[PDB]
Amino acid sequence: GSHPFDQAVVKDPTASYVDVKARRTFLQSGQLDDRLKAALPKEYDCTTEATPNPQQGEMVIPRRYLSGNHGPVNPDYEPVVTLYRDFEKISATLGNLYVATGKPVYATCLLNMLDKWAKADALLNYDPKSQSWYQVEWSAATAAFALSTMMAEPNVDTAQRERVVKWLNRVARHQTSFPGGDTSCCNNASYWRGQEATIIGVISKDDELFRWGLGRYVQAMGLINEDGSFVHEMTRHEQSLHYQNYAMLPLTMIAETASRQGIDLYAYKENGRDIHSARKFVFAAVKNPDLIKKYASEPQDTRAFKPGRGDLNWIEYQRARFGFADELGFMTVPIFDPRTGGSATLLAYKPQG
């Protein structure tokens, strides 16, 4: 105790969440199929782009849900989070472009945007009890994934990169210093904090942050029912199946990131249950939503289970690694999700001969 990875260290702050050089090499030389071609991001002059300015002062974000933790969405929510969504989108896009092209211009463009946010002490001042707490985990991790691919890049302002790295480290330490509630301590939100702590711990060579991140994956494995369902996600009523899938996203990224540091989280299990059990459940429940009735009576919102949904990004990473079948036939168009490092089609998908 208190968990099996409590002595783990960051070996290589530049290792990112994929083998950057190997993948770029593959993208520039390999035998690409139609879907990988479709995933190639389009080059543009990012030096002339206007990027979102950070909120000055207090980060104030309305609750997502009108009431409780499900049902109709709050009308005031989306107009406010849009700024953050633009920030994430741009960040992930520039990260993906750097991987694909190796052009330092994309790295410099990312750093200038992040420097601007860092200067303003963004993602630091907020009520931990508000929606803002969640927004921080999503945006900070998104920026960190993109930055992680360019930690080895020599043609940038190294002082700027450092300044930006330090900033994200402060963000993550502050954000993860709050235990959360009865649910948020231990549900998908916990796992999102885990991915944030893991990737930021890597790039800032912060072993303590890294370990805390790995710990969240461990916590999750002990919260899987025998059918493979996550305990806390099965209480979300009509969003139950949605949140079961949603949990897969950061858990996968923690695993992928840790694998670059020589740790095999996928192999970790608790009572013979592992992340594979959870995958099987998602696939099985999408086919047969009577599986969910055991937990929730409302018909399930299945908006996430459509080709092209960001929500499926975790499948690209897992399938590349384990070679399982696309049972649902969702892996047709490319997938892009800033919050899990952009396009996992671009970064992980291997055409099968």
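Numbering starts at 1 and follows the sequence shown.
As listed in the deposited structure, the average C-alpha B-factor of 317-325 and of 54-62 is greater for 54-62. Once the C-alpha B-factors are averaged per stretch, 342-350 and 2-10 rank with 2-10 first. By the numbers in the PDB entry, the CA B factor is greatest at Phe283 among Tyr77, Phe283, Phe87, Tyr243.
Among all modelled residues in its chain, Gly30 ranks in the middle third by Cα B-factor.
When the modelled residues of the chain are ordered by their C-alpha B factor, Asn271 lands in the highest third. In the deposited entry, the Cα temperature factor of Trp138 places it in the middle third of its chain's modelled residues. Among the modelled residues of the chain, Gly68 sits in the highest third by CA temperature factor in this PDB entry. Compared with the other modelled residues of the chain, the Cα B-factor recorded for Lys129 ranks in the highest third.
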